[PDB]
Amino acid sequence: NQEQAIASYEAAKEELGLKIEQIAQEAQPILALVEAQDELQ
Amino acid sequence: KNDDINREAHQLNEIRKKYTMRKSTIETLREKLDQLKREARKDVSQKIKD
Amino acid sequence: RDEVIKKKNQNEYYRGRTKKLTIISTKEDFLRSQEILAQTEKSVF
Amino acid sequence: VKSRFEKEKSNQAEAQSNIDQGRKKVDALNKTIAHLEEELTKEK
Amino acid sequence: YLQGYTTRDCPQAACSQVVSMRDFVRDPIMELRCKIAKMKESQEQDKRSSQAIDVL
């Protein structure tokens, strides 16, 4: 039973890690800061 | 007669070992898992206060 | 603020000490032995 | 989006903690099953 | 409480102040109080929930 649990843990964590890598790659942008700077100057 | 009584003895011995098997279930799953979960907490007030 | 977000995530180690966690086996193992106690003797052997 | 990624990484940490707990349980049960295999031979 | 009408009385008990949405502004103090209370409750609940699972 514990070996089955370990295998399930491994598969789930691999899937989660792939999704998290994708989301981290999706975490680029940071907005109104540039517009505020331009309007100020 | 001897063979019949021996077969009965073997059946009851297997029964007793099934009982011992359930006792082992008690010892590990009932207690060792209980101890592991109880100590795994480490009183989370530890990491929380960290 | 960034560490604020991180530490909020660490409070969500709520699942960290909550979801991961004792007696389910303990309650049932008693029933396993209690049922098997009536099942079972070395003196007879 | 970075906050969401950090939340996902926290989920990853929880999954890794579950993996480690499973590993500890697997090792302990391997030790106990080896012990009971040894005992069964001790106890035609 | 102010829905459906331009201005209505203060929802708190024993208060007759006629108020509207513009009359209400963000309260940093209440956010601070509720935030602190909820975080204390969350710490208590995480400890209680963990032991609440240890029971089963």
# chains A, B, ... in the order shown; residues from 1 in each chain; ligands from 1
>>> interface_residues(of="chain B", to="chain E", cutoff="10 Å", atoms="only C-alpha atoms", output="VMD selection string")
chain B and resid 34 37 to 38 41 43 to 45 48 to 49
>>> write_last_selection(atoms="C-alpha atoms", output="PDB file, in the first residue's frame")
ATOM      1  CA  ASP B  34       0.000   7.040  15.155  1.00  0.00           C
ATOM      2  CA  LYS B  37       1.772  11.395  12.700  1.00  0.00           C
ATOM      3  CA  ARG B  38       1.921  12.639  16.300  1.00  0.00           C
ATOM      4  CA  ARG B  41       3.425  17.621  13.945  1.00  0.00           C
ATOM      5  CA  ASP B  43       3.842  20.881  17.603  1.00  0.00           C
ATOM      6  CA  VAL B  44       3.413  23.006  14.383  1.00  0.00           C
ATOM      7  CA  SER B  45       3.397  25.989  16.805  1.00  0.00           C
ATOM      8  CA  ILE B  48       4.282  28.790  12.830  1.00  0.00           C
ATOM      9  CA  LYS B  49       6.291  30.736  15.406  1.00  0.00           C
TER      10      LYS B  49
END
>>> closest_atom_pairs(of="chain C", to="chain E", cutoff="8 Å", atoms="only C-alpha atoms", output="CSV")
residue,atom,partner,partner_atom,distance
C:11,CA,E:43,CA,7.3
C:14,CA,E:46,CA,5.1
C:15,CA,E:46,CA,8.0
C:17,CA,E:50,CA,5.9
C:18,CA,E:50,CA,4.1
C:19,CA,E:50,CA,7.5
C:21,CA,E:53,CA,6.1
C:22,CA,E:54,CA,5.1
C:23,CA,E:56,CA,5.0
C:24,CA,E:56,CA,5.2
>>> interface_residues(of="chain C", to="chain B", cutoff="8 Å", atoms="only C-alpha atoms", output="NGL selection string")
:C and (11 or 17 or 21-30 or 32-33 or 36-37 or 39-42 or 44-45)
>>> write_last_selection(atoms="C-alpha atoms", output="short mmCIF file (atom, residue, chain, number, x, y, z; two decimals), in the first residue's frame")
data_model
loop_
_atom_site.label_atom_id
_atom_site.label_comp_id
_atom_site.auth_asym_id
_atom_site.auth_seq_id
_atom_site.Cartn_x
_atom_site.Cartn_y
_atom_site.Cartn_z
CA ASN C 11 0.39 29.70 6.45
CA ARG C 17 0.56 20.10 8.64
CA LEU C 21 -1.91 14.26 8.60
CA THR C 22 -3.02 8.84 12.80
CA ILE C 23 -5.92 6.88 14.33
CA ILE C 24 -7.83 5.58 11.27
CA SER C 25 -5.64 2.50 11.42
CA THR C 26 -5.76 2.60 15.23
CA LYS C 27 -9.56 2.46 15.35
CA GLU C 28 -9.73 -0.25 12.68
CA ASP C 29 -6.76 -2.31 13.90
CA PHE C 30 -8.58 -2.74 17.20
CA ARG C 32 -9.20 -6.28 13.28
CA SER C 33 -7.75 -7.80 16.45
CA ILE C 36 -9.61 -12.02 15.20
CA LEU C 37 -9.41 -12.53 18.98
CA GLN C 39 -11.15 -16.34 15.78
CA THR C 40 -8.24 -17.61 17.87
CA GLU C 41 -4.57 -21.37 20.77
CA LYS C 42 -1.03 -22.56 21.43
CA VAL C 44 -4.54 -26.56 21.76
CA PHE C 45 -1.60 -26.99 19.37
#
>>> closest_atom_pairs(of="chain C", to="chain D", cutoff="8 Å", atoms="only C-alpha atoms", output="tab-separated table")
residue	atom	partner	partner_atom	distance
C:5	CA	D:3	CA	7.2
C:6	CA	D:6	CA	7.4
C:9	CA	D:7	CA	6.2
C:10	CA	D:10	CA	7.5
C:13	CA	D:14	CA	7.3
C:15	CA	D:14	CA	7.6
C:16	CA	D:14	CA	5.8
C:20	CA	D:18	CA	6.4
>>> write_last_selection(atoms="N, CA and C atoms", output="PDB file, in the first residue's frame")
ATOM      1  N   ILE C   5       3.690  37.716   0.870  1.00  0.00           N
ATOM      2  CA  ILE C   5       3.038  36.708   0.040  1.00  0.00           C
ATOM      3  C   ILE C   5       3.613  35.330   0.342  1.00  0.00           C
ATOM      4  N   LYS C   6       4.939  35.248   0.463  1.00  0.00           N
ATOM      5  CA  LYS C   6       5.578  33.973   0.773  1.00  0.00           C
ATOM      6  C   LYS C   6       5.084  33.416   2.102  1.00  0.00           C
ATOM      7  N   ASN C   9       1.706  32.025   1.899  1.00  0.00           N
ATOM      8  CA  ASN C   9       1.817  30.675   1.357  1.00  0.00           C
ATOM      9  C   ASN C   9       2.239  29.689   2.436  1.00  0.00           C
ATOM     10  N   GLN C  10       3.147  30.106   3.317  1.00  0.00           N
ATOM     11  CA  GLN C  10       3.593  29.231   4.398  1.00  0.00           C
ATOM     12  C   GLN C  10       2.497  29.013   5.436  1.00  0.00           C
ATOM     13  N   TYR C  13       0.689  26.243   4.525  1.00  0.00           N
ATOM     14  CA  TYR C  13       1.270  24.955   4.956  1.00  0.00           C
ATOM     15  C   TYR C  13       0.218  24.597   6.013  1.00  0.00           C
ATOM     16  N   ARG C  15      -2.392  23.171   4.893  1.00  0.00           N
ATOM     17  CA  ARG C  15      -2.407  21.815   4.307  1.00  0.00           C
ATOM     18  C   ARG C  15      -1.068  21.158   4.659  1.00  0.00           C
ATOM     19  N   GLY C  16       0.005  21.948   4.743  1.00  0.00           N
ATOM     20  CA  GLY C  16       1.345  21.479   5.163  1.00  0.00           C
ATOM     21  C   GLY C  16       1.393  20.687   6.465  1.00  0.00           C
ATOM     22  N   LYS C  20      -1.516  16.715   5.119  1.00  0.00           N
ATOM     23  CA  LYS C  20      -0.594  15.549   5.207  1.00  0.00           C
ATOM     24  C   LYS C  20      -1.052  14.592   6.314  1.00  0.00           C
TER      25      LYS C  20
END
>>> interface_residues(of="chain A", to="chain D", cutoff="10 Å", atoms="only C-alpha atoms", output="PyMOL selection string")
chain A and resi 1-10+12-17+19-30
>>> select_by_dssp(residues="chain E", states="alpha helix (DSSP H)", output="MDAnalysis selection string")
chainID E and resid 28:54
>>> write_last_selection(atoms="N, CA and C atoms", output="compact mmCIF listing (two decimals), in the first residue's frame")
# COMPACT_ATOMS: atom_id res chain seq x y z
N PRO E 28 -9.06 51.68 6.31
CA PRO E 28 -7.85 50.87 6.53
C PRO E 28 -7.84 50.24 7.90
N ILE E 29 -8.46 50.90 8.88
CA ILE E 29 -8.43 50.40 10.25
C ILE E 29 -9.20 49.08 10.35
N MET E 30 -10.40 49.03 9.76
CA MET E 30 -11.18 47.79 9.77
C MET E 30 -10.48 46.68 9.01
N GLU E 31 -9.88 47.00 7.87
CA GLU E 31 -9.13 45.97 7.15
C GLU E 31 -8.02 45.44 8.04
N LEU E 32 -7.33 46.34 8.75
CA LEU E 32 -6.28 45.92 9.66
C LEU E 32 -6.80 45.02 10.77
N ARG E 33 -7.92 45.41 11.39
CA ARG E 33 -8.50 44.60 12.47
C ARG E 33 -8.94 43.23 11.99
N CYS E 34 -9.74 43.20 10.92
CA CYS E 34 -10.24 41.93 10.40
C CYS E 34 -9.10 41.06 9.90
N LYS E 35 -8.11 41.68 9.26
CA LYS E 35 -6.96 40.95 8.75
C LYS E 35 -6.21 40.29 9.89
N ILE E 36 -5.96 41.04 10.97
CA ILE E 36 -5.26 40.49 12.13
C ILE E 36 -6.08 39.38 12.77
N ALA E 37 -7.38 39.62 12.94
CA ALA E 37 -8.24 38.62 13.58
C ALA E 37 -8.29 37.34 12.75
N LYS E 38 -8.44 37.48 11.44
CA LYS E 38 -8.50 36.33 10.56
C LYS E 38 -7.18 35.58 10.55
N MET E 39 -6.05 36.30 10.59
CA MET E 39 -4.77 35.61 10.63
C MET E 39 -4.58 34.85 11.94
N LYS E 40 -5.00 35.44 13.06
CA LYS E 40 -4.95 34.73 14.33
C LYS E 40 -5.82 33.49 14.29
N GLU E 41 -7.04 33.64 13.76
CA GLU E 41 -7.93 32.50 13.63
C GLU E 41 -7.36 31.46 12.69
N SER E 42 -6.69 31.89 11.62
CA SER E 42 -6.09 30.95 10.69
C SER E 42 -4.97 30.15 11.35
N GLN E 43 -4.13 30.80 12.16
CA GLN E 43 -3.10 30.05 12.88
C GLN E 43 -3.73 29.05 13.85
N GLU E 44 -4.74 29.50 14.60
CA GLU E 44 -5.43 28.61 15.52
C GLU E 44 -6.10 27.46 14.79
N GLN E 45 -6.75 27.76 13.67
CA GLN E 45 -7.46 26.76 12.89
C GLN E 45 -6.50 25.78 12.23
N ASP E 46 -5.34 26.24 11.76
CA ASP E 46 -4.40 25.28 11.20
C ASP E 46 -3.93 24.31 12.27
N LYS E 47 -3.60 24.81 13.46
CA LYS E 47 -3.19 23.88 14.52
C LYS E 47 -4.34 22.95 14.92
N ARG E 48 -5.54 23.50 15.06
CA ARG E 48 -6.71 22.72 15.43
C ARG E 48 -7.10 21.71 14.35
N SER E 49 -7.05 22.11 13.08
CA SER E 49 -7.36 21.20 11.98
C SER E 49 -6.35 20.07 11.89
N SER E 50 -5.07 20.37 12.12
CA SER E 50 -4.10 19.29 12.10
C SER E 50 -4.39 18.32 13.22
N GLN E 51 -4.72 18.84 14.41
CA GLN E 51 -4.96 17.85 15.45
C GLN E 51 -6.32 17.22 15.22
N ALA E 52 -7.20 17.91 14.48
CA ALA E 52 -8.55 17.45 14.16
C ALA E 52 -8.49 16.28 13.20
N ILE E 53 -7.33 16.08 12.58
CA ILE E 53 -7.22 15.04 11.57
C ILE E 53 -6.48 13.96 12.34
N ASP E 54 -5.67 14.39 13.32
CA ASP E 54 -4.93 13.38 14.06
C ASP E 54 -5.89 12.51 14.87
>>> closest_residue(among="C:7, C:38, C:2, C:43", to="residue 50 (chain B)", atoms="only C-alpha atoms")
C:7
>>> atom_distance(atom1="CA of residue 32 (chain D)", atom2="CA of residue 11 (chain A)")
25.8 Å
>>> atom_distance(atom1="CA of residue 3 (chain E)", atom2="CA of residue 27 (chain E)")
19.9 Å
>>> atom_distance(atom1="CA of residue 7 (chain B)", atom2="CA of residue 36 (chain D)")
24.9 Å
>>> decode(residues="region 15-31 of chain E", atoms="N, CA, C and O atoms", output="short mmCIF file (atom, residue, chain, number, x, y, z; two decimals), in the first residue's frame")
data_model
loop_
_atom_site.label_atom_id
_atom_site.label_comp_id
_atom_site.auth_asym_id
_atom_site.auth_seq_id
_atom_site.Cartn_x
_atom_site.Cartn_y
_atom_site.Cartn_z
N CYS E 15 -28.28 54.16 15.12
CA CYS E 15 -27.69 55.23 14.32
C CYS E 15 -28.67 55.64 13.23
O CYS E 15 -29.17 54.79 12.48
N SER E 16 -28.94 56.94 13.15
CA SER E 16 -29.88 57.50 12.18
C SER E 16 -29.20 58.30 11.08
O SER E 16 -29.88 59.04 10.36
N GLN E 17 -27.88 58.19 10.93
CA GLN E 17 -27.17 58.93 9.90
C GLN E 17 -27.59 58.46 8.52
O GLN E 17 -27.42 57.28 8.18
N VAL E 18 -28.12 59.37 7.70
CA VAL E 18 -28.51 59.05 6.34
C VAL E 18 -27.27 59.07 5.46
O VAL E 18 -26.64 60.11 5.28
N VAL E 19 -26.92 57.91 4.90
CA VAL E 19 -25.64 57.72 4.22
C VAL E 19 -25.89 57.14 2.84
O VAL E 19 -26.97 56.64 2.52
N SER E 20 -24.85 57.23 2.00
CA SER E 20 -24.88 56.65 0.66
C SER E 20 -23.52 56.03 0.39
O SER E 20 -22.63 56.01 1.25
N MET E 21 -23.35 55.51 -0.83
CA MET E 21 -22.09 54.88 -1.19
C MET E 21 -20.94 55.88 -1.17
O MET E 21 -19.84 55.56 -0.70
N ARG E 22 -21.17 57.09 -1.68
CA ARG E 22 -20.11 58.10 -1.66
C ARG E 22 -19.79 58.53 -0.23
O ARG E 22 -18.67 58.98 0.04
N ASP E 23 -20.74 58.38 0.69
CA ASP E 23 -20.52 58.77 2.07
C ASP E 23 -19.62 57.78 2.80
O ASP E 23 -19.12 58.09 3.88
N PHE E 24 -19.42 56.60 2.21
CA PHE E 24 -18.58 55.56 2.78
C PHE E 24 -17.28 55.49 2.00
O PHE E 24 -17.29 55.50 0.76
N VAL E 25 -16.16 55.42 2.72
CA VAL E 25 -14.84 55.38 2.12
C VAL E 25 -14.08 54.23 2.76
O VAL E 25 -14.41 53.77 3.85
N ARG E 26 -13.04 53.77 2.06
CA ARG E 26 -12.32 52.60 2.52
C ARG E 26 -11.80 52.84 3.93
O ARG E 26 -11.27 53.91 4.24
N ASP E 27 -11.96 51.83 4.78
CA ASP E 27 -11.50 51.93 6.16
C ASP E 27 -10.25 51.08 6.32
O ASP E 27 -10.35 49.85 6.46
N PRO E 28 -9.06 51.68 6.31
CA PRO E 28 -7.85 50.87 6.53
C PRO E 28 -7.84 50.24 7.90
O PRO E 28 -7.27 49.15 8.08
N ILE E 29 -8.46 50.90 8.88
CA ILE E 29 -8.43 50.40 10.25
C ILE E 29 -9.20 49.08 10.35
O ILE E 29 -8.73 48.13 10.97
N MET E 30 -10.40 49.03 9.76
CA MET E 30 -11.18 47.79 9.77
C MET E 30 -10.48 46.68 9.01
O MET E 30 -10.53 45.51 9.42
N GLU E 31 -9.88 47.00 7.87
CA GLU E 31 -9.13 45.97 7.15
C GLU E 31 -8.02 45.44 8.04
O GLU E 31 -7.79 44.23 8.10
#
